Each structure stands twice: as C-alpha cells, then as structure tokens.
Amino acid sequence: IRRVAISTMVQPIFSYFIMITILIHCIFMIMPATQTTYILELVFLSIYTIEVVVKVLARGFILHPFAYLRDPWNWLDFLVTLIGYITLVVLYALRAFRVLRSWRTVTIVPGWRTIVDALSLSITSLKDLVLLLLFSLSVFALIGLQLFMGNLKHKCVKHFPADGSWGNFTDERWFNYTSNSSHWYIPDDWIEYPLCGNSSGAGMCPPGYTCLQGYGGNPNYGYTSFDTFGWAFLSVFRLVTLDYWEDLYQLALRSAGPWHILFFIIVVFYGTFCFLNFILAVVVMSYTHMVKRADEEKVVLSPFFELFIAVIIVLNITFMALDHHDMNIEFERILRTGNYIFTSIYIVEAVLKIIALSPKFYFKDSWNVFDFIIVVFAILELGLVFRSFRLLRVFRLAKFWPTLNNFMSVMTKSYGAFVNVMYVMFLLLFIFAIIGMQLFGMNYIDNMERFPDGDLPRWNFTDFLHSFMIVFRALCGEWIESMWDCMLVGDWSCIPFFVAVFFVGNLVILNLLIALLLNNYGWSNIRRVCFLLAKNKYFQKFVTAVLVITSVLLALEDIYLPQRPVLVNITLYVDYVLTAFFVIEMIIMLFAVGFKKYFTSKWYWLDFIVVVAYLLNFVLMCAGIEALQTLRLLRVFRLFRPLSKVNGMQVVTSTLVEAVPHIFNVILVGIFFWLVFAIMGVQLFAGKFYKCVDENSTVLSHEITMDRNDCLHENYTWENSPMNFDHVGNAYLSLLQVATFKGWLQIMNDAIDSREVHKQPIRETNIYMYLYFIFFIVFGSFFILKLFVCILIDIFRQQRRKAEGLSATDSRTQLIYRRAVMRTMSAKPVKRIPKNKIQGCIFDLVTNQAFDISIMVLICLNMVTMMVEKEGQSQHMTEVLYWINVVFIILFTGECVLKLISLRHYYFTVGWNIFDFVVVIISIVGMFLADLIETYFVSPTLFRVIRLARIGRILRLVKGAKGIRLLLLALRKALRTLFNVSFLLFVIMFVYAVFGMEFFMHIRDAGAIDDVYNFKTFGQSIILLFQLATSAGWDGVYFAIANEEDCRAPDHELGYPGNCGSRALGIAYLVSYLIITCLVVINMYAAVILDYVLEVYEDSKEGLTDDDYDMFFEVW
Ligand SMILES: *[C@@H]1O[C@H](CO)[C@@H](O)[C@H](O[C@@H]2O[C@H](CO)[C@@H](O)[C@H](O[C@@H]3O[C@H](CO[C@@H]4O[C@H](CO)[C@@H](O)[C@H](O)[C@@H]4O)[C@@H](O)[C@H](O[C@@H]4O[C@H](CO)[C@@H](O)[C@H](O)[C@@H]4O)[C@@H]3O)[C@H]2NC(C)=O)[C@H]1NC(C)=O
Ligand SMILES: CN(C)[C@H]1CCCC[C@@H]1Nc1ccc(S(=O)(=O)Nc2nc3ccc(OCC4CCCC4)cc3s2)c(F)c1
Ligand SMILES: CC(C)CCC[C@@H](C)[C@H]1CC[C@H]2[C@@H]3CC=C4C[C@@H](OC(=O)CCC(=O)O)CC[C@]4(C)[C@H]3CC[C@]12C
Ligand SMILES: *[C@@H]1O[C@H](CO)[C@@H](O)[C@H](O)[C@H]1NC(C)=O
Ligand SMILES: *[C@@H]1O[C@H](CO)[C@@H](O)[C@H](O)[C@H]1NC(C)=O
Ligand SMILES: *[C@@H]1O[C@H](CO)[C@@H](O)[C@H](O)[C@H]1NC(C)=O
C-alpha cells in the first residue's frame, strides 16, 4: 500500500497526467454544458480523488510536520474536491469554484516561483495600507455625506397651473401635481432627469419650472448618491479609483455649485496621487526583493547597399501607410506597381547575398532568416489573403534604427518574466470569467425586462466570451457600470466580485508589470549701472509682481468682457504699458549681460520673442489692424522663470529637463508600434463603419435596409462614424481613444458589427474582432504607455540624490548608515514630574494606558454615531444625534482638562497634545456658533460647511498606530515636493485655460460642452481642465471642439463671432494637453511618492528609525 503510493507520487508522469487532466477540464469548462459534460465531470472527479488518495496514503493527513495537509496547495486541491462531491450529491453558487484548480497550472512556466512569491509578498505587505485606506475612505464618505446629502435628487418641476386645469390650489392638490413624474423636465430621448440648483453657477431650469428637492430617484437606477454612509462610501471609492468619475463630478457640481470642486480636488490629491502610489511602491519593493534573492542565489556586402536597402524599406513603409478607403484608380495602380518593384528588389537582394556569402553562412544569420521569410511571403502573396504578413517588412527597420534595436534587445534579454506575468494575468481573468458566468449568467436572460428597453446589454455574462471581455474591461479600470447592470438583474453578490476583480487585476498585477518594466528598463558706466540694476533684488521682485498681476488680468477676458467698457479700457491701457515695459527691460538686460550672453540663453530668447510679438501688435494697432489675440497671450510664458526659482522647485524642474530626451525616444517607439497597428486596422475596418439611419440618428435593422442602395432608395441617410479607420491618421486618433480607454466602447461596437463595404452592420456579427483590441491594449497601453513612469522614477531618484549633496557612487547601505549617523546627532531625552495628593492621583490615572485606549474607544463610538446619519431622517433623529455629539464633545473637553491639571506646562511639549487642545477649543467655539446660527438660520449650506469642523475630533484615531505612522511620516517628508509638482500643474492649467478661452468660447453645445461646462469663463475652463488632467471625458470634449459641420461662419461686419471649432486646432490642443499632464506631470507624483516610501521602509528594515531613538531615550 504505502510503497506503491510513495513511488507513484514522485513519478513525473503522475504530475503531467494530473496537469493535462486539469487543462482539458478547463477547456470543457469554456464550452456550453451538455449531458456529455456530466459524465466527463464524473471522470475528472474520479481522477482528482485518486490523486488525493495516493497522496494521503503516502503522507498522512495533518498530525505530523510533513503530512498531506501541511501544504497550502494541497488545501486548495482538497477543498475543491470536497466541494465537488458536495455539489454532486446535494447550491449552484458553489459549483463555480472548481475552476480554482486551474491555479495549479501556474507551475508549468519556468521561473514561476519568483512571480508567485512576489505576488504573495505584495499581498501580505498591504496590511497597514488596508487599515489606512479604510479610515481615509470613511472620513471622505462622512464629509461627502454631510455635503451632498439629497443633492442628486434635485429636479425641475413644472409650476402648478394657475389656469385651474388641475383644480384650485390646495396643499394636497399641489403635492399631488408636483409628485407626478410627467411634470418633471426631461429632454426627448434622454434617460436621466437633469439636475439643478438655485445657487449661483448651478444648473438652471427652463422657464415655467422650479428646482425642487425630494422627488424621484437618484441617478444610475438609484445607485449613485451620498444619501447614506454606504452609498457615500461607494461613491468615494469610485472617485479614488477614477472609474467614470467625470459623471459623478459633473452631477455634483451641477446640483451643488462650482465651489464644491474643492472637495474633488482634495479627494483626488490624497487618494489617487498619494495612496494608490503607496500600493504601487509596496508591489515594486516586493518584486525587487524577490529578484534580488533569485539573482543572489544564482557590392552587396557593403555599407552603401545597406543604406540603399534601408531607404527602400522606408519607402515601402510609406507606400503601405498611404492605403485608404475609396482610392482613385491611379492611386491604386501606383501602389500596386510600387509593391511589385519592392518585392523584386527584395528577391534580388536575397539571391545576391546568398551567392556572395555562403548559403550555410547566409542561413546562420537570424536577420537573413527573417529576410528570407519576408521574401517567401511576398512571392507567395503576389502569386495568389496574405497581405497581412506584409507588415513583417516594417520590423526590418529595427536593424537600422539603433533605438528600436536596443528596445528589442532589452525585451529579448528578459522575456521569461514577462511571459510569467502575462500568463498569470490571463489565468486570473479566466478564473474570474468562469466564476462570474456561473454566478450571474442566468440573471441577464431571466430578468431582461428590467433593462431600459428590455434588451440585453452589449456587456453581459451570458457566455464565456462576453464574461471574459467584461472581466478584462474591469482589469483595464472600468468596473462600476458593469456592476450597476449586475445589481439591476442580480443582488449584493455583484459588489464584492467586481471589487475583487478590480483590486487583484489593476492594483496588483498591472503594478507588478510596471515593476518588471522598471527593473528592466531602468558706455562702460552705463553698462555698470545696468548690471547693478539687473542683479538687484528689489528690481527682480518688481518685475515678477508686474508679470503676475498682468497675467491675472488676462484671466478676466471672458465672454462678458464686451459688456464691461471700463474693463476693456483697462486692458487696452495695460497692453500699451506692457509694451513699453518689455522694450525697456530688454534694453536694460542687453546693457547688463551683453549681446552674446543674451542671445545664447533660452530664457532671454523667450523674453525676446515676447518683446517681438508685442512690438508687432503695436505696429498693427497703429496701422488700424486689430491686434492678434495669440500674440498678446504669449506673455503668460514669462511666468515660468520665477516659478522655477520657488523653494524646492529645482529638483522637479531638473527631473523634467533631464527626462525630456528619454520621453522623446519613447514617443518615437510608440509611434512606430502604433503605425503597425494602424495599418492593420485600416486593412480590417476601412470604409466599414457606415450605416443607415433616419431623422433620429437611430440605426435601422438589416431586415429593412440591407445595404446602401436600400438605404438611399428609402431616402434614409448613409452616415459614417466620426471615429473610424478610413485612413492612417483617423486610425491613429481611434487608437489613442482605445489606449486611454476614453471613447473605446463605441469604436469596438462598430468594429464587431462590421461587415463588407456598402452593407448594413449587424450586432456582434464579427465578435472575434475583439482580439485585435486586446492585443493592442496589451502592447500599447500596458507596455508602451507605462515606460513614462519608469523613466520619471529613475531620474527623480538621481536628481534628489544630487539635491541632498550625496555622492552618486555610494551604495544604498552606506547611505542608510549615514542616515542613522545623522539621526544620532540630534536626539535628546525628556522627563516629567508626578506633581499634591489630588493632582498626583489624577496624574496616576491619566498617564495609564487604559485611559488612552478608552479615549480611542470613545472616538470609534462617535464615528459610528456619525455613520448613522442619513437622508430623509426625521428631525427628532437629527436632534438626538446632535445631542449625542454634544455629549462626546463634553467628554473630550474633560479629557483635556484632566491632562492639563496633571501635566501643567509639560502638556504642551507633545505635539499631539497641542493638536487635541486646538480641536477642543474649536469645538467649544463651534458649539456656541452652531447654537447661534441654528437659532437665527443664516443658511443651510453655511451650516453644512461649518459642520466640517466636526471631523477634527475623529482624526485623533490615528494616534499611536505604528504601521500607519510610518506611511504618514513618508507623506510628511514628501509634502514640499508634492506641493511644488501641484503648483506646476496649476500653472500649466492656467496657460491652457486662457488659450482655451480664446479658441473655444463661442462653439455650439455638442458632446460634453453645454450651458454649464464650457470655455466661456476662466472658472468654467478650469473646471473642465481639472477633469481633463486625468484624461477623463476627453473624447466628448474633442467631439465638441473639433466640430466643423453645420455651423455659422463669423460675420466681422455684423460682430457675430461664429459658433464652431477647428479639427486641427482641437487635435493639437487636446493631444498636447494629454501628453503634458496625464503622461508626464501626473506621473511625477508616483516618482516622488515611491522614493520617499522606499526610504522610510529601508530605514525601518535595514537601519534605524526615529522610533528606535525614542525607545532608547525612553529608558534614559
Ligand atoms: C430654491 O431651492 C430650494 C431647494 O432646492 C427649493 O425648495 C425652492 O423651491 C420652491 O420655492 C418656492 C418659492 O417660490 C417655495 O414656496 C417652495 O416651498 C413651498 O413648500 C410648501 C410646503 O407645503 C407643506 O405641505 C405640508 C403637507 O404635508 C405641510 O405639512 C407643511 O406645513 C407645508 O404646508 C408648498 O405648499 C408651497 O407651495 C406654495 O404654497 C403656497 C401656500 O399658499 C401657495 O400660495 C403657492 O402658490 C404654492 O402652491 C411651496 O412649494 C420651494 N420648494 C419647496 C419644496 O419648499 C427653490 N426656489 C425658491 C424660489 O426657493
Ligand atoms: C442640540 N442642539 C439643539 C444644540 C444645543 C447646544 C449647542 C449645539 C447643539 N447643536 C449641534 C450639536 C452638534 C453638531 S455636529 O454633530 O455637527 N458637531 C459639530 N462639531 C463642531 C465643531 C466645531 C465647529 O465649528 C468650528 C468653527 C466655527 C467657526 C470657526 C471655527 C462646528 C461644529 S458642528 C451640530 F452641528 C449642532
Ligand atoms: C497652488 C495649488 C496647489 C492650488 C491652486 C488653488 C486652486 C484650488 C484654485 C485656483 C483657482 C481657483 C478657481 C478660480 C475660479 C473659480 C470660479 C468659482 O465659481 C464661480 O465662477 C462662481 C460664479 C458662478 O458660478 O456663477 C468657483 C471656484 C473656482 C473654480 C476656483 C476654485 C479653486 C481654484 C481652482
Ligand atoms: C395624484 O392623485 C391620484 C388620485 O387622485 C393618484 O392616482 C396619483 O397617483 C397621485 N399622484 C401623485 C401622488 O403623484
Ligand atoms: C400624471 O398626470 C397625467 C395627466 O393628467 C395622468 O394621465 C397620469 O395618470 C398621472 N400619473 C399619476 C401617477 O398620477
Ligand atoms: C423621431 O423621434 C420622435 C420621438 O420619439 C418620433 O416622434 C418621430 O416619429 C421619430 N422619427 C422617425 C423618422 O422615426
């Protein structure tokens, strides 16, 4: 018995047999069930049971150190087998998790142990971050609950008819009329009722309507609000993750007022730019530790011909990129003839090289094998669709292009780790797809009526392909809309599922991928006086002040300016004065530093360009020609030099300046790869996004209009999609929309509906086109776009080393030791006296640990009391809650009084004591103020705002938490640099705000631009640009500002400005903004955070921390 089992388990054939069985079982899990599946399930279960029996007979069960159930993997196997028997003999919710056995297949890929260990270490290291995350989210949920409670229910309700059609006024008849949903404003074909508010700057109502509270439901089937702590929690988590967050942001600003933008800024700054970067830092440290452990453990043959072939390759690529939809016949002939010529040249090259060199030596070269494969494919293509393989020719450019060559060699050097990570990602997606299919698939079929028109949504769980696509989309960062659908037809189980998918896929696996990338990709007197004046402090301060004031004046030139004559005059006068000022300043600087210094400096060149622009505008105005707006807007660029001199800014600007060349190289490589995908996209989809519509832009059925001829015979419209693959430029724009995941859903809907040209698309007739986008997303968004962060991280570390005056050649250990030696230099001990029988007794009672723990418990209880508040509660409940809060305030005041009585003046030697003392004083003053306000009823919003001080007494809960204290210390050390980065971001936003006001203030309402969100004033422009800095909603903004169709041109004689945008201008504006902010400046936060977190953690683990010195001086 025992001998057989012991020999059987160690035989490799046994392990391969089990693995192959698991693989076929997974395959059968993908396909639809049938009676044959039931018997195959029994076969698989028998095989797994035999494995369990063999291993128990070989090891024993638990009682010894090396028994069967001392290995976690065996725990997985055993629990899944038991679940299988349980579900076979006797809830279907348990039948899914047999797919968990597939996790074992991770052990097939060589080098799997490193990645699995890194994942395990990352998961175990998030312990303190989870607690801090939950606390922060709760605090923000409370703040949002008190600020936005009830706002998302606002609606425009028609006035009670004075005509008497609804009867004479009575309170009952008025309530009866206002509650009828047919009297609530909603534009035709809309799903959601628009929000409103009567505060200055909120959404307005049409005439005959008033903005009311308490009617109807909240947005998104009632799932989006701040009416309870739980929904507020959900909304805050959504906001931190940036998941469709522009919609909640616009809803709140439209119902509450633009000033509530402040709330969103705070949440985005703390939660997105700091905390998720803590998560990334933990993942990076874990991976670095594992890799450290692993590593420690241990004619034709001439340059001229090469150049000739290189230019021929470039010309062939150009010819390939020129292909487009509905080409004229001459264009087609030219391209075809060019193809013939290129193929002939490649054939000649192959033969010449094979004969000049030996055939044996010819096929010993990898590049030669690649070229021969290309020649074979080309000749096969011309002989006989093999055109898709023509793209291989593009990759020959890597032989001649050193940057691309190095990029390729780096990938070759470490392909194994990336293979492991991608396999883990896809295995996780497969497991979740199967689980979600079993849990939710039948809900969509059974409860289809609940959907807006009773139709199945594009994204569902009805079969394996759709389930995989929806979980993959969640991994890309979009989870909440799918969760709304799941809840609508399901129950609470949808919430944990999607959250888990998002957390594991996005915050762990993708972060691990970027960690891999980082690890791998990483007269004489006149000159005298002018010189003295130029170097003088006061003169520079005066110049800076003038620049700042006139730049602020630019922000006031909004759409209302023509109605304000005094402002018009002030701006004109300021323009004249600035012209004189710039000229005189240029002369002074020239006399100070001279011609050669002046004209070899980039700063002085910027100044000179501004001087020339203002002189040109002056000459134009003299001639009677209206000044160019762009030229006089160029003066804002003067702000950057004084900005670069702010305290602590030098590290940030040095990092960006040093990073520019690498960023450019990455952009070039990305353009190359995107060219490959764009040519493929044109080949697949060019000309196929046309469809037949009617007066309402509603797609007709193919059963009615089969093709273009039917469409036009019935006098319908054969309209193209604004985003398409008709030529390479449009393909590039569509691929940018895909990679950023902004507007990609419509593009993919068109792609999977596509049929041959001139035919009516059919829903999901070409579903497997999804594979195209998956590949692009893996190689364009997960790989190429994440290099920017790695570059910034690597460069910022070096620049900070420069700033602190540290040597570059020193090792990390030496710096750790120097840090400890610096700490020991500045530590000292403190003692306090225990007072006086009464005071001494109170001292003994207050200095004990029980007292502090009790204070913590009281804080937790007060926090729960705050969580009880909800929308619609009776006023009696409001009063009871306020009185309970009063009790808590009295208790904390008493704590402070006792501590003061005990410690006398020593009390203020501890910083936390000072914070608590300030909070107590503020609470007393606030109680007085609240009583006065509530009695005199100043304003409900004012009361809500001043109630924000209540959070002060809850923030003390972090006192004494060591793990949380470490991360807060890291954040404190980084605060200066984070602030400087934020300041730079805001200045860039200001520049873009004023140029956007100039370019787009008059455009018609379309897409995301409407009466509330637009470029009409500086504030509204900033509201839009803060949203756009995260790339959120930029597709709708582009659709608005790029529209050149169906518009009125300006009438200079009549003064009418016109109302439509510019495709080229909008493309330039938005693409440049996305690159500068989303891909560069925002990633600086991650760089800074990572450096500081790493420092503190290494101090904790391989050195000494301030707490070590504190403990040493506790004894002393
Ligand atoms: C600004 O923003 C506010 C929040 O978003 C919004 O409320 C406000 O809208 C409405 O503005 C008008 C002023 O033009 C204001 O009158 C509205 O409030 C009135 O509420 C009364 C409540 O009646 C109650 O009925 C219950 C029954 O259970 C009873 O118990 C209560 O004691 C109370 O009686 C309505 O009855 C009233 O309707 C008017 O009543 C007058 C009485 O004769 C009558 O002459 C009028 O013609 C009319 O019929 C109002 O609705 C206010 N909305 C709400 C919900 O209060 C918005 N705009 C302004 C201008 O404030
Ligand atoms: C019960 N009832 C009839 C009265 C009766 C007694 C007097 C008060 C009580 N009413 C009540 C109690 C608690 C909250 S409360 O639960 O919201 N707690 C809050 N704590 C703080 C703490 C400080 C603060 O202002 C500080 C700033 C004001 C200007 C500058 C400093 C405001 C708040 S409000 C509230 F709203 C109001
Ligand atoms: C230095 C860095 C780190 C922080 C920068 C400060 C911002 C938080 C400031 C700078 C400009 C401010 C904006 C200036 C103008 C406005 C318009 C204001 O609303 C109005 O225009 C009210 C009138 C109306 O809506 O009718 C709302 C506040 C807002 C967006 C301000 C909100 C706060 C902003 C973004
Ligand atoms: C108004 O009253 C009628 C009956 O008089 C009732 O059927 C209807 O539901 C009421 N509408 C409301 C309360 O919105
Ligand atoms: C709303 O008003 C319309 C028009 O009078 C009426 O037909 C409808 O029944 C009303 N709905 C309710 C719920 O009262
Ligand atoms: C367009 O929509 C409106 C509102 O549903 C409808 O009345 C009209 O008949 C529609 N037009 C066509 C051509 O279907």
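Both counts, for ligands and for their atoms, begin at 1 and track the order of listing. Positions are given from 1 along the sequence.
- For atom 9 (O) of ligand 1, a protein non-hydrogen atom is found at a distance below 4.0 Å.
- The number of heavy atoms from other shown groups lying within 6.0 Å of CZ (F983) does not exceed 12.
- The shortest separation from a heavy atom of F169 to ligand 1 is under 4.0 Å, placing the residue in contact.
- Given atom 1 (C) of ligand 3, the protein heavy atom at minimum distance is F983 CD1, 4.3 Å.
- Within 6.0 Å of CG in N569 there are more than 12 heavy atoms belonging to other residues, nucleotides or ligands.
- In this structure, atom 16 (C) of ligand 3 lies nearest to the protein heavy atom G1019 CA, 4.1 Å.
- Ligand 3 places these atoms under 4.0 Å from at least one heavy atom of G201: 24 (C), 25 (O), 26 (O).
- In this structure, the protein non-hydrogen atom closest to atom 32 (C) of ligand 3 is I261 CG2, 4.0 Å.
- At a distance under 4.0 Å, a protein heavy atom can be found next to atom 27 (C) of ligand 3.
- Residue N198 has at least one nitrogen or oxygen atom sitting less than 3.5 Å from a nitrogen or oxygen atom of ligand 1, judged on distance alone.
- Within the 4.0 angstrom cut-off, atom 19 (C) of ligand 1 has no protein heavy-atom neighbours.
- Per the SG-SG cut-off, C196 and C211 are bridged by a disulfide [distance under 2.5 Å].
- Exactly one residue among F160, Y209, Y215, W166 makes a side-chain contact (heavy atoms from CB on, under 4.5 Å) with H183. That residue is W166.
- If you look at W166 next to ligand 5, the close heavy atoms, those under 4.0 Å, all belong to the side chain.
- Within the model, atoms CG of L142 and CZ of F140 stand 11.0 Å from one another, a figure rounded to the nearest 0.5 Å.
- What sits closest to atom 6 (C) of ligand 1 on the protein, heavy atoms only, is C211 O, 3.4 Å.
- The shortest contact between atom 35 (C) of ligand 3 and any protein heavy atom is with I1022 CG2, 4.1 Å.
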Could you go through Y249 and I1023, starting from their C-alpha distance and side-chain angles, then the distance that decides it, and tell me whether this counts as side-chain contact (heavy atoms from CB on, under 4.5 Å)? CA-CA 10 Å; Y249 168 79; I1023 282 163; 3.3 Å; yes
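- Regarding atom 33 (C) of ligand 3, its nearest protein heavy-atom neighbour is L262 CD2, 3.9 Å.
- For the pair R254 and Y1013, the cation-pi criterion (under 6.0 Å, within 45° of the ring axis) is not fulfilled.
- Between the side chains of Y560 and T1017, no donor-acceptor pair is found at a separation under 3.5 Å.
- When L212, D171, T178, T210 are ranked by how near their heavy atoms come to atom 23 (O) of ligand 1, first place goes to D171.
- Nearest-heavy-atom check against atom 20 (C) of ligand 3 across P258, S200, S1021 picks out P258.
- In this structure, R947 pairs ionically with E869, as a charged nitrogen and a carboxylate oxygen lie closer than 4.0 Å.
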Verdict with reasoning, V240 to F275, per side-chain contact (heavy atoms from CB on, under 4.5 Å): CA-CA 9 Å; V240 163; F275 206 96; over 6 Å; no
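- Closest to atom 29 (C) of ligand 3 among all protein heavy atoms lies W259 CZ3, 4.6 Å.
- Using a 4.0 Å cut-off between charged nitrogen and carboxylate oxygen, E557 and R632 count as a salt-bridge pair.
- Nearest protein heavy-atom neighbour of atom 11 (C) of ligand 3: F986 CE1, 4.1 Å.
- For atom 1 (C) of ligand 5, the protein comes within 4.0 Å by at least one heavy atom.
- Taking a cutoff of 4.0 Å between a charged side-chain nitrogen and a carboxylate oxygen, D558 and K1016 do not qualify as a salt bridge.
- Atom 3 (C) of ligand 3 has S982 CB, 3.8 Å as its closest protein atom, hydrogens excluded (heavy atom only).
- For atom 9 (O) of ligand 5, no protein heavy-atom neighbour is present inside the 4.0 Å cut-off.
- Looking only at heavy atoms of the protein, atom 21 (C) of ligand 1 is closest to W174 CZ3, 4.8 Å.
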